[PDB]
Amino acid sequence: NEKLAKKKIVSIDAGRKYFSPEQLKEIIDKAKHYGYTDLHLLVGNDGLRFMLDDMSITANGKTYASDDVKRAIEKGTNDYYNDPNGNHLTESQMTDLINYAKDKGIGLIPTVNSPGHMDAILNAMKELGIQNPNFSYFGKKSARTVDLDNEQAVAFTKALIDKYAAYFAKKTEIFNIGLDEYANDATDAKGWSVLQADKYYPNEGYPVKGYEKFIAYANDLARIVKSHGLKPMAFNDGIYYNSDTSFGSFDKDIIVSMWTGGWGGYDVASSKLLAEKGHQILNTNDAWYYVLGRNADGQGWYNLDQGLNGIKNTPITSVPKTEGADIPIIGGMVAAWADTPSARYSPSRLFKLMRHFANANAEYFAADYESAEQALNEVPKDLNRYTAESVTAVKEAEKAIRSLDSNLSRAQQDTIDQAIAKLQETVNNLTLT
């Protein structure tokens, strides 16, 4: 029961790349079928591909008009990637999508990423007329990351997150504020080091109070999200980067999506340290990542074969960087990404990844009762014209299906399937008096 109670989530990068309501519905269908609990839909991730009906934003002592914010975001997204399939989901489409998922017992968790992976928002701010929103590192400007010294750019971004969080209030549980990979383009993936550097290496031109300002920013977004009754979530890499607790403390109410154990020269906090600090953890192990278009061995990092191997070899309970500690989890999340958003989206490949994650951790995933429900619906309603003996058999087989534990896992699917087969057999054996 502890296993089935955890979240099982599929994540889809619909920030970089357009996904239609139809495509997303198909993903929800498969998520439900395979025993998942939630769809994690990035809508702000480099591109920004979700537009509310009212996008007016009040910040910087004015209001930026809804139609101007919309045009600025559409344009800004296209400058990142002008997807021939579409630009953004509308509010009507999102509301319907959330309802469609809810009716299948699937939750939706959105991400609108900042202060990194926000290319489109930075573009949109410039189109509105806000100056120099981008972070720069010794003359190299980030296309993805806002400068936390820029009060006007920061105020706008916070007000945009508030606007989205207000929409998602009461229709979702968790809002992912992201926070991953600060200035990864401008700093060669050393952005957290750069933000912390001035404290330890002063008078060398590193950003003054960089990391301290990042903690304040993260905590302000957390406050914003919490005000709407949503649980804030964020990726782990910048949270106590280098295990450094001396700059300040992160809001404990931020759920940590633990996706990386770090790499050479990129020393992230262990999941042990994060749990000890009082954060709940969603295991988002990059062992299971799939980047669209990288479809076989040799086709690059996070290719489909690598992800399928990661799923086979790294269970849902194996969290990045545990230090050998027992790390509790709220659930696990397998993620598909669109780093090259011109890549073809292949539903079958995504569904293979999803199916493998479910099968490899089958005790955690809900069983499928849909065919059992259908089988019961197909039983002839009136049995009077059949022999007592053949009728009793059908009634007992029906009882057997209705008696199944309603909380079986995917590991126990055969119990359900055998019960369906028995009912079908007894119905075919009904004999006219």
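The first residue of the shown sequence is 1; numbering continues from there.
Colleague: Going by the average Cα B-factor in the PDB entry, point out whether 286-294 or 263-271 comes out higher.
Modeller: Stretch with the greater average CA B-factor: 263-271.
Colleague: May I ask you to compare 88-96 and 244-252 by their mean CA B factor in the entry and name the higher one?
Modeller: In the deposited entry, the stretch with the higher C-alpha B-factor mean is 244-252.
Colleague: Going by the CA temperature factor in the entry, name the top one among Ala397, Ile27, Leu41, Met51.
Modeller: Across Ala397, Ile27, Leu41, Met51, the entry lists the biggest C-alpha B-factor for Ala397.
Colleague: Identify, among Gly139, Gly300, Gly116, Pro232, the residue whose C-alpha carries the highest B-factor in the deposited PDB entry.
Modeller: Answer for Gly139, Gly300, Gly116, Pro232: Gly139, with the highest C-alpha B-factor.
Colleague: By the record's CA B-factor, is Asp220 among the lowest, middle or highest third of residues in the chain?
Modeller: Middle third by C-alpha B-factor.
Colleague: Based on the deposited C-alpha B factors for this chain, I'd like to know if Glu204 is in the lowest, middle or highest third.
Modeller: Its C-alpha B-factor belongs to the highest third of this chain's values.
Colleague: For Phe214, does the deposited CA B-factor place it in the lowest, middle or highest third of the chain?
Modeller: For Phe214, whose C-alpha B-factor we compare with every modelled residue in the chain, the answer is the middle third.
Colleague: Determine, from the deposited record, the chain-internal third of the Cα B-factor for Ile177: lowest, middle or highest.
Modeller: It falls in the bottom third of the chain.
Colleague: Among all modelled residues of this chain, ranked by Cα B factor, put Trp192 in the bottom, middle or top third, i.e. lowest, middle or highest.
Modeller: Middle third.
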